[PDB]
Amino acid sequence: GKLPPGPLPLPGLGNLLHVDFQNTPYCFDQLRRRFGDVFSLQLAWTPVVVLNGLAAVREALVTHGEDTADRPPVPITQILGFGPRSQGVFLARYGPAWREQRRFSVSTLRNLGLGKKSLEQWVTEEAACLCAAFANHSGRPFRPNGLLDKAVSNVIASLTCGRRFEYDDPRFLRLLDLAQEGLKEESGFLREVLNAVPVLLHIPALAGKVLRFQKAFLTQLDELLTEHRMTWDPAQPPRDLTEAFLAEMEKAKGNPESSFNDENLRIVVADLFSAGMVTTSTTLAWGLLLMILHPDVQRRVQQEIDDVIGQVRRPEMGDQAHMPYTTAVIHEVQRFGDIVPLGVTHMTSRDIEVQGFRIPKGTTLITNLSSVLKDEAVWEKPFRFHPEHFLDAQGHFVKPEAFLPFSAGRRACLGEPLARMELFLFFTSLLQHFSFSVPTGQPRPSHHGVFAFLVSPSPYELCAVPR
């Protein structure tokens, strides 16, 4: 069939000069408006197809799910112990190694707490610590990002590592620091080159600085894993994912095919931990920013929290069903924050058809989630913070199909169930006991965030006064 349209490619650079990597989301909007919902790009040697809108993304990830569940190979990951039976989950290639960790991560989380009141109470406990930390700032203006990252990170640590860390633990802080730095490494020109030419890694000079943060991250994590291997009580049912993983490694000794091995234990755990320390807290960072930028909405939320929960009892997942306005606000924060605009790259394993065009095997697929979350054809005021995007005239919460912050298909975020719970409990817990606002004498903060693979709100301070 006919391949997707797109800007005319240069001789060797291809379309590298037709894409503004400073604000790619905007550049792609222009391309979408110019060539359509499914267009092509030749980034150097990598053929790319961008998917815009719910339909294009869905036909690829759901309808053609089997053929689009693979990731682009990333040979550089070798530096972290990645191998055929050791791929973690996020960067894992479509196959048994992924499926085994995928199924394991999903079911273990569910067994450990997800969907039960135990996790809720654990989270609201961590929430209480978060509140107390906010209170230490008295009326003084501060940046909530660090405390949000620490509190959220403790929830995933509890699940994976069976413990939390004090907001000032050196190892905890270093772990969080390295995790955020390495999120800068995933976006480097050098990595692209070494990735195309695997052999170039034999030069210690290069290999030695390519993924230094991810390596530091894993190294720092090994120390924690080693202590855990020591405290673990195999005579009791696993308390966390690391123990569950460990018990599987026992059962799997002698099985060359099992992905439950030492190399993969640090990758899987680092996979879940890192993912959990940089997603939800960012959304929460957007949440608090939007709440000081729209005090009215913040009050409506507090009002609902008062009417349904009060200012005593700790929030509970059972409350959400009776808090449609707060649920709408949270969903809008996710929609507007648009924290993962271009999603995570996919790769076709077979030739497929999308919106009439043909997408050859091996094509790097880009799911433009931002275009689904800001689709002017679907949302009323896509470029505005508008809780009514998830509310009907009656005040009922409705979730449109264009709400794909987590993508779709067999590869969709496995942390969604955890994210849903964290956002509700942490958000209501914060607004239930605090009142946020822009610090007098300071300019209204921008609702425009700084572009990256993971989009954070622009730096800002706020005042948190008790209630």
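What we label the rigid core is the largest C-alpha set whose atoms superpose within 1.5 Å from one form to the other. Counting begins at 1, following the sequence as shown.
Visitor: With the rigid core held as the alignment frame, decide whether 399 to 407 or 29 to 37 lies farther from the shown form in 7 other deposited structures of this protein, in terms of RMS C-alpha distance.
Guide: Greater root mean square C-alpha distance in 7 other deposited structures of this protein: 29 to 37.
Visitor: Taking C-alpha RMS after core alignment, which stretch differs more from the shown form in 7 other deposited structures of this protein: 185 to 193, or 259 to 267?
Guide: It is 185 to 193 whose C-alphas lie farther from the shown form in 7 other deposited structures of this protein.
Visitor: Do a third or more of the other compared PDB entries fail to give coordinates for residue 463?
Guide: No, residue 463 is modelled in every other compared entry.
Visitor: For at least a third of the other PDB entries compared, is residue 21 missing from the model even though its neighbours are present?
Guide: Looking at the other entries that model residues on either side of it, residue 21 is missing from at least a third.
Visitor: Tell me which stretch has the larger mean Cα B-factor in this entry, 255 to 263 or 181 to 189.
Guide: Going by the record's values, the stretch with the higher mean is 181 to 189.
Visitor: Mind pulling up the entry and telling me whether 330 to 338 or 226 to 234 has the higher mean Cα temperature factor?
Guide: According to the PDB entry, the answer is 226 to 234.
Visitor: From 239, 212, 102, 93, which pick has the Cα B-factor that tops the rest in the entry?
Guide: Top of the list by C-alpha B-factor: 212.
Visitor: Out of 106, 207, 132, 289, whose C-alpha atom has the biggest B factor in the entry?
Guide: By C-alpha B-factor in the record, 207 ranks first.
Visitor: Sorting the chain's CA B-factors, does residue 111 end up in the lowest, middle or highest third?
Guide: Top third by C-alpha B-factor.
Visitor: By its CA B factor, does residue 127 count among the lowest, middle or highest third of the modelled residues in the chain?
Guide: It belongs to the middle third of the chain when residues are ordered by C-alpha B-factor.
Visitor: For the chain shown, is the CA B-factor of residue 85 in the lowest, middle or highest third of its modelled residues?
Guide: As the PDB entry reports it, the C-alpha B-factor of residue 85 lands in the middle third of its chain.
Visitor: Could you say whether, by C-alpha temperature factor, residue 55 belongs to the lowest, middle or highest third of its chain?
Guide: CA B-factor rank for residue 55: lowest third.
Visitor: Relative to the other modelled residues of the same chain, rank the CA B-factor of residue 442 and answer lowest, middle or highest third.
Guide: Highest third - that is where residue 442 ends up once the chain's C-alpha B-factors are sorted.
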